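Notes follow the structure.
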Number of protein chains: 2
Amino acid sequence: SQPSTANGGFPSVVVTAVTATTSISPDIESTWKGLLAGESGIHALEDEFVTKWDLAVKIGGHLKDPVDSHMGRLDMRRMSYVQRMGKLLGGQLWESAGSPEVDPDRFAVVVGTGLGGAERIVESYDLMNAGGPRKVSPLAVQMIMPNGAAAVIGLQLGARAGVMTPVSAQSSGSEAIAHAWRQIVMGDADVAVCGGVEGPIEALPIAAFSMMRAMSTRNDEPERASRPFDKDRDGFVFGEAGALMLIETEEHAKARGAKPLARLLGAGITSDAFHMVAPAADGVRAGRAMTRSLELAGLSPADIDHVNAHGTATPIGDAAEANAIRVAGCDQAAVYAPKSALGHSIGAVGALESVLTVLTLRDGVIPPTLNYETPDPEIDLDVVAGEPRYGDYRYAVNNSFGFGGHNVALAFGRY
Amino acid sequence: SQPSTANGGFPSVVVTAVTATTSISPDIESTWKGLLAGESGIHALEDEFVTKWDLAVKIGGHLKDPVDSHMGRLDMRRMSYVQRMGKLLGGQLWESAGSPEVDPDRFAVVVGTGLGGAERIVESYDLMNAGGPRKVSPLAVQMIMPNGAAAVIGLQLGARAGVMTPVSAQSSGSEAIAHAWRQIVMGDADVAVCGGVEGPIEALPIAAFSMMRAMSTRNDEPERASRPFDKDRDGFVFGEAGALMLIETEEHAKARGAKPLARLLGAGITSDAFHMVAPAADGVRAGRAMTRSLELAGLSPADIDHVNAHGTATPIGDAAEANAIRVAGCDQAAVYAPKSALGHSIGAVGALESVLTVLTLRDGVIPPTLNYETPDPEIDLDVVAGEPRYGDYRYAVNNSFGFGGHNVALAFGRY
Ligand SMILES: CCCCCCCCCCCCCCCC(=O)O[C@H](COC(=O)CCCCCCCC[C@H](C)CCCCCCCC)COP(=O)(O)O
Ligand SMILES: CCCCCCCCCCCCCCCC(=O)O[C@H](COC(=O)CCCCCCCC[C@H](C)CCCCCCCC)COP(=O)(O)O
Ligand SMILES: C=C/C(C)=C/[C@@]1(C)SC(=O)C(C)=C1O
Ligand SMILES: C=C/C(C)=C/[C@@]1(C)SC(=O)C(C)=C1O
Ligand SMILES: [K+]
Ligand SMILES: [K+]
């Protein structure tokens with residue numbers, strides 16, 4: 001019969017450290033306290049690029065503490081932005097873990113991102129148009145390539161059991177943690193740094209998503225604009241983030257005296273084959289990704305206390321995900337939609353929300369979904385709102401979905 | 001007691017169809033015949049961009065049959081180039097396989113690529129710069145995102161068991177087949193379309209790579225420029241390609257009466273943690289990727305008949321790979337380096353070379369490595385050269401490596 005975590009057919013895998021930088025704080029613990037106190041990272045954008053172009057979207061969450069105030073002169077010339085973000089979070093995470101001395105040959109890195117060092121593409125293009133091929137940096141290829149942030153972290157921390165970069169648009173950061181889990185349970189690694197990084201809010205990304213008519217334009221009240229599951233939602237809001245976690249076998253963690261924050265029990269990856277940029281309405285394949293993570297974990301849907309929803313606040317996205325949660329039999333879980341406060345960080349967001357799922361399990365508390373004011377009869381979920389919801393949560397699923405029809409669900413447990 | 005293909009701990013997985021477009025032919029079967037007859041796809045580049053910029057590199061292999069001679073006018077605007085290649089190859093592969101009726105919920109797609117729809121990044125940038133944010137296409141995001149080619153193919157063919165895009169630079173096309181094999185042996189799918197696609201030779205990619213000093217500049221003799229393992233090699237040559245294969249459990253293939261071309265037995269993924277753009281000289285982690293594919297296959301290195309080398313023709317690269325082949329105990333095997341004839345197709349190339357490994361096994365023959373004229377004493381490999389070599393080939397490993405330090409090896413068997 002089928003290997004599961006519960007039946008011992010997969011080894012036990014624990015989360016032993018987390019790190020993130022957000023529009024609320026550069027410190028994940030302070031981001032967590034702010035979320036619980038009802039704080040939002042979303043504000044009026046003050047960038048001159050908003051005025052230069054008169055963008056229809058004038059709201060978003062920049063990082064509280066910009067990555068580049070941490071970067072040396074050479075990093076600014078030799079790395080793309082997602083690489084600098086990767087380096088920053090990778091060193092923070094390692095220090096957080098107690099700087100363990102691990103076997104490099106049993107250590108993997110899996111880090112997702114939406115695009116890569118795309119600013120270096122436009123830089124290279126301009127440099128060559130103005131001055132010819134000899135003006136392109138000899139570092140352009142390694143700064144641009146989308147595996148470049150994962151590679152930087154792997155080099156920095158010494159990972160020799162693989163360095164992988166799954167890209168699946170807005171599920172990339174979750175999918176990275178899924179593949180790290182597979183690398184460990186298939187025997188390829190005992191320890192893995194995983195998660196996601198993403199570029200900052202800029203004019204061209206805004207322009208491109210805005211032309212999809214995907215984004216909230218509630219510019220006069222920025223903190224109220226992101227309303228996942230609310231009746232009056234009008235699209236997503238960008239909120240910058242990067243997040244990594246350290247996962248390892250329980251035996252590896254025990255042998256070095258690490259204190260686990262949670263367990264990572266299983267991962268489901270499916271696809272819709274429905275539309276390139278809208279989720280299937282029926283939620284069936286998305287609900288199957290949740291169900292698969294439960295099969296691998298050895299759990300039933302009634303075990304699931306908590307769902308951390310992808311919850312983008314688009315009208316059709318939230319409706320599809322509500323249907324997916326019912327398909328999976330998880331619609332009596334308490335649901336949190338963290339994009340209500342942190343906005344959408346695209347290739348990083350699944351990793352950020354998996355970190356938040358881990359903290360919910362460690363601490364016994366789910367923050368309030370901001371802006372949740374008018375229940376939507378198509379949604380019919382238990383959306384935590386108003387104040388935090390306390391409980392002894394045993395098991396939780398984190399959802400992420402991505403343009404291309406990608407569905408990723410991760411099942412975590414209390415340690 | 002570790003599961004392996006040979007001990008029945010993983011299900012048997014077979015290759016049932018292959019498709020590729022190359023500098024030699026749009027048709028994989030003709031490419032193969034061309035290879036065996038000693039044909040090269042590498043010529044003088046006739047593009048106006050070469051003289052416009054006076055590029056240092058004036059050679060390479062364009063597709064014999066351009067992807068866009070097959071494309072509708074709408075697709076030329078609303079798909080990126082790699083998406084159009086994916087659509088073309090995906091349709092051709094399915095028709096080659098008999099257009100089988102599979103269970104969509106058991107059908108995955110995994111397709112790697114080096115970058116994605118990056119021409120749409122520069123086009124969006126220019127369009128906005130000239131006319132504002134509302135000139136950017138509403139399709140730009142879904143054309144640009146690096147998962148875009150895999151997602152096009154998943155939607156086209158109806159894959160609902162997962163659509164994945166691993167990015168690991170020059171090893172992406174092999175890594176995709178590795179993850180497709182994992183998706184099947186972990187029980188998430190019974191059938192998968194997998195491989196890699198890549199963009200065409202253009203001015204800015206030539207500038208960026210050639211500023212790395214990686215590329216041959218033997219412009220006076222183009223078919224003699226790509227010289228993997230030859231003492232007088234001087235770097236790689238671009239040769240365009242895309243390649244997909246259909247794999248499925250042997251049970252699945254048997255139930256629908258499909259004739260297997262070969263077996264995909266195991267896949268190893270490791271990393272160097274050495275340098276962003278040079279492979280580790282000792283070949284140790286790269287040899288471990290080969291060993292790991294053998295472990296999962298249940299083979300010993302003494303079983304290996306044939307290695308399809310990554311063999312870029314850089315001085316450093318080929319020397320590191322020969323060390324790797326020694327580390328893995330595979331240096332008694334017959335070695336082919338197809339970039340000698342087909343050049344380097346970056347994100348696609350490990351998929352293309354995986355298809356060539358399958359055909360070697362199917363037909364009992366290895367094509368000659370072109371331009372292999374002076375053995376290099378640091379290499380000391382049995383390089384197939386001169387004429388095709390016929391043989392009873394039973395087991396082969398296809399190697400692929402990438403910037404960032406990624407190592408992928410696939411173990412294939414004769415059906
Ligand atoms: C909250 C998350 C937001 C996510 C955003 C979307 C993620 C897309 C990737 C983001 C990459 C951008 C990194 C910016 C680095 C930086 O800082 O560059 C500024 C100066 O402007 C620039 O160079 C902007 C150049 C734009 C680069 C091209 C971006 C193309 C975007 C596409 C047209 C639209 C998005 C495609 C996404 C597909 C994948 C996900 C589904 C510093 O200024 P200075 O120091 O020079 O004064
Ligand atoms: C086998 C070679 C592989 C090389 C490719 C390397 C991977 C990059 C893939 C890029 C895909 C390009 C698709 C070209 C479409 C096409 O054909 O458009 C021409 C007109 O030129 C263009 O717009 C070229 C636009 C440039 C796009 C930006 C490319 C940036 C390249 C980086 C600076 C360097 C490469 C980074 C690779 C990182 C990943 C691999 C390690 C027809 O013009 P028209 O007559 O129809 O008007
Ligand atoms: C297949 C397309 C999908 C899943 C679209 C979703 C719901 S995922 C996401 O982050 C946003 C903004 C969406 O619109
Ligand atoms: C870590 C760096 C590596 C593997 C570099 C290699 C050998 S892989 C490749 O396709 C080319 C052109 C190279 O130079
Ligand atoms: K979530
Ligand atoms: K090869």
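In the text below, chain A, chain B and the rest are named by the order of the sequence lines, each starting its count at 1. Read the numbers this way: they start at 1 and go in the same order the structure lists the ligands and their atoms.
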What is the nearest protein non-hydrogen atom to [atom], stated with its residue, atom name and distance?
{"atom": "atom 29 (C) of ligand 2", "result": "B/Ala118 CB, 4.2 Å"}
{"atom": "atom 2 (C) of ligand 2", "result": "B/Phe238 CD2, 3.5 Å"}
{"atom": "atom 23 (O) of ligand 2", "result": "B/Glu119 CB, 4.0 Å"}
{"atom": "atom 39 (C) of ligand 2", "result": "B/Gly114 O, 3.3 Å"}
{"atom": "atom 35 (C) of ligand 2", "result": "B/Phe209 CE1, 4.0 Å"}
{"atom": "atom 41 (C) of ligand 2", "result": "B/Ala169 CB, 3.5 Å"}

Atoms in ligand 2 flagged as close to B/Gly239, the criterion being non-hydrogen separation under 4.0 Å: 1 (C)

Determine, for [X] against [Y], whether the closest basic-nitrogen to carboxylate-oxygen distance falls under 4.0 angstrom.
{"X": "B/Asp272", "Y": "A/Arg160", "answer": "no"}
{"X": "A/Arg227", "Y": "A/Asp234", "answer": "no"}
{"X": "B/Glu378", "Y": "B/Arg233", "answer": "yes"}

Minimum heavy-atom distance [X]-[Y], with the two atoms named:
{"X": "A/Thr165", "Y": "A/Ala150", "value": "OG1-CB, 3.3 Å"}
{"X": "B/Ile153", "Y": "B/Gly86", "value": "CG1-O, 3.4 Å"}
{"X": "B/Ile121", "Y": "A/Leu204", "value": "O-CD2, 4.5 Å"}
{"X": "A/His406", "Y": "A/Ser171", "value": "CB-OG, 3.5 Å"}
{"X": "B/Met143", "Y": "B/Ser137", "value": "CE-OG, 4.2 Å"}
{"X": "B/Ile42", "Y": "B/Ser40", "value": "N-OG, 3.0 Å"}

Is the NZ atom of B/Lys58 crowded by more than 12 outside heavy atoms at less than 6.0 Å?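 Above 12, so yes.
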
Non-neighbouring partners of B/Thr51 that pass side-chain contact (heavy atoms from CB on, under 4.5 Å), sequence neighbours left out: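 With sequence neighbours excluded, B/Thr51 shows a side-chain contact (heavy atoms from CB on, under 4.5 Å) to no residue whatsoever.
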
Contact between ligand 2 and B/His344 is defined here as a heavy atom of the residue under 4.0 Å from a ligand atom; is it met? yes

In the complex you have, is atom 47 (O) of ligand 2 within reach of the protein, judged by whether a heavy-atom distance drops under 4.0 Å?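 Neighbour list for atom 47 (O) of ligand 2 is empty of protein heavy atoms (cut-off 4.0 Å).
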
Pairs under 3.5 Å, N/O atoms on ligand 4 and on the protein: can you put them in a table with the distances?
from	atom 1	to	atom 2	distance (Å)
ligand 4	10 (O)	B/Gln170	NE2	3.3
ligand 4	10 (O)	B/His310	NE2	3.0
ligand 4	10 (O)	B/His344	NE2	2.7

Please check if the distance between the ring centroids of A/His344 and A/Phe238 is under 6.0 Å. no

Which residue from [options] reaches closest to [atom] through any of its heavy atoms?
{"atom": "atom 19 (C) of ligand 2", "options": "B/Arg84, B/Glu198, A/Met145, B/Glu202", "result": "B/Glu202"}
{"atom": "atom 14 (C) of ligand 2", "options": "B/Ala208, B/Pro200, B/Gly199", "result": "B/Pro200"}
{"atom": "atom 36 (C) of ligand 2", "options": "A/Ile144, B/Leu63, A/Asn147, A/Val122", "result": "A/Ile144"}

